[PDB]
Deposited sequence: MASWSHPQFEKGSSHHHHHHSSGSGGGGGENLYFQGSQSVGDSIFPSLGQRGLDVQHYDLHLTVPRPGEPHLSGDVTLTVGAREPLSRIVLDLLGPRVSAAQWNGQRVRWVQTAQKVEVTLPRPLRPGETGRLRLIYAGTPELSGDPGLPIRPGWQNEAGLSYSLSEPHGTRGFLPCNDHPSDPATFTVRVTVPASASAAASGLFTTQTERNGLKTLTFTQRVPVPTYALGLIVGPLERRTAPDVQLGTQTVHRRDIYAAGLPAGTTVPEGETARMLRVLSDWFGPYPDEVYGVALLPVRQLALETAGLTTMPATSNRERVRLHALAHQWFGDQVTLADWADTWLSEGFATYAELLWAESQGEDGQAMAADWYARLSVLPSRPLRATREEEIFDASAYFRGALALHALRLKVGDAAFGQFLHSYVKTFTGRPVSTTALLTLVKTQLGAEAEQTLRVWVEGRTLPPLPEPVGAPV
């Protein structure tokens, strides 16, 4: 009944297609985990669903409605299960509204404890792979991206930032409510959401051939001296990356710089950026994920290399665009891998999905493919890959099939050497 993920086999509901989350989240004390929520999911289905089953971990549901009517529901250890008056069938949509409140809950196999983070007067989502269920009843699996509208209610002395265009801020009874609209669909973990002492700072629009990309970064209080985004760097990165991948998927881009010590997460249009991770290559990496991870989403967590490896390889494309020697950079990555265990790129265990192979063997896989077919065909292929897997989750098998179709059998064989096999292949060289 779950999505059947090979790494996280309990998450999600098979066949559920959440199309939109309309979330009103109230955070009474930023930096403390308690919260209350009011969410309406607009849901479709790929198969008839007699129940809607959502992931939820911590908060307690107090009320539920289906299309504005009372509905039967039960909350278990990690799910909310709603019985519909009749099955939701493919092509239809319905509105599931859930009222909930409590404490989001945050596994040695992962680099972080994902979910609703609380520290230093800030509460924020750092929820890859499966933490969003802590503060939002959701289909918590990247095969089911969705658009989001988020209203965050916080004390008037605080502020908030969520993924999407910021439209309105209202204040009453000492409470401030800010509204954000994420209009291109992304996975649940790509929903950025930060509350606390933060401020928005805009930059000039970035004009790309096909689109305009708005610019704003979020700065939290307490940042280390020298925490910045170099002026004009983001526009050049957008230009270089979009020339390689195709149009930037979203309407805005920036980073939310936080004074915490943590990994950077490619939350949609607004990367969640602990100051300790704020380096050029990480900023490029997180922006590349806006394509590889946020627009092109994973069908299964075993295939994280399709996100982490592509985003990593984007750093090398960026370096070359700035005049650096890409082969030396690939050689540096290879030297690092040569003294570490290697594995086939499809992960078999949770401990692997963010390991060195997902990043650097994944990137070197693309390096091998690029060297086999030349830069023109490689760029054309990346454009085709993004379009092919827009609106459709990707898998390693589907990648190889597309390479075979678009680039030919020898290209596919080159990639397969890197995708398959326990030992590390030789360094890809011209």
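What the model leaves out of the deposited chain are the segments 1 to 37, 144 to 145, 470 to 474.
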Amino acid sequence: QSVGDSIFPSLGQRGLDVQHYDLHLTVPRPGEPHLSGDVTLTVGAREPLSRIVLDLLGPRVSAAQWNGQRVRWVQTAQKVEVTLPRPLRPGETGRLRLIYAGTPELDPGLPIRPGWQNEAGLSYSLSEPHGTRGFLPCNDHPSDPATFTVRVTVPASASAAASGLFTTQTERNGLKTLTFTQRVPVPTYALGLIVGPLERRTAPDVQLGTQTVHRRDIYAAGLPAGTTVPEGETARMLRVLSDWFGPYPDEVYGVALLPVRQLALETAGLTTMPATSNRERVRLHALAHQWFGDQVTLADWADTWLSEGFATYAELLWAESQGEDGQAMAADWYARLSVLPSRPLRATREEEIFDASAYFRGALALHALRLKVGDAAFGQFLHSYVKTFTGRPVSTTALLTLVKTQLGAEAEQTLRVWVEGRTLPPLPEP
From here on, numbers count along this sequence of modelled residues.
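Under this definition, the rigid core comprises the largest set of C-alpha atoms superposing within 1.5 Å between the forms.
When the other structures are laid on the shown form by the rigid core, the stretch among 207 to 215 and 255 to 263 with the greater C-alpha deviation in 5 other deposited structures of this protein turns out to be 207 to 215.
Between 132 to 140 and 110 to 118, the larger mean CA deviation from the shown form in 5 other deposited structures of this protein, after core superposition, belongs to 110 to 118. Higher mean CA temperature factor, per the PDB entry, when comparing 66 to 74 with 51 to 59: 66 to 74. Looking at 167 to 175 and 221 to 229 together, the entry lists the larger mean B-factor for 167 to 175, computed on C-alpha atoms. Within the group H214, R283, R133, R95, the record's highest C-alpha temperature factor is found at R95. The PDB entry assigns the greatest CA B-factor among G309, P111, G269, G293 to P111. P9 sits in the middle third of its chain by CA B factor, as recorded in the PDB entry.
When the modelled residues of the chain are ordered by their C-alpha B factor, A328 lands in the highest third.
Ranked against the other modelled residues of its chain, the C-alpha B-factor of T42 as given in the entry falls in the lowest third. For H289, the recorded CA temperature factor ranks within the lowest third of the chain's modelled residues. Placement of the Cα temperature factor of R29 within the chain: middle third of the modelled residues, per the deposited record.
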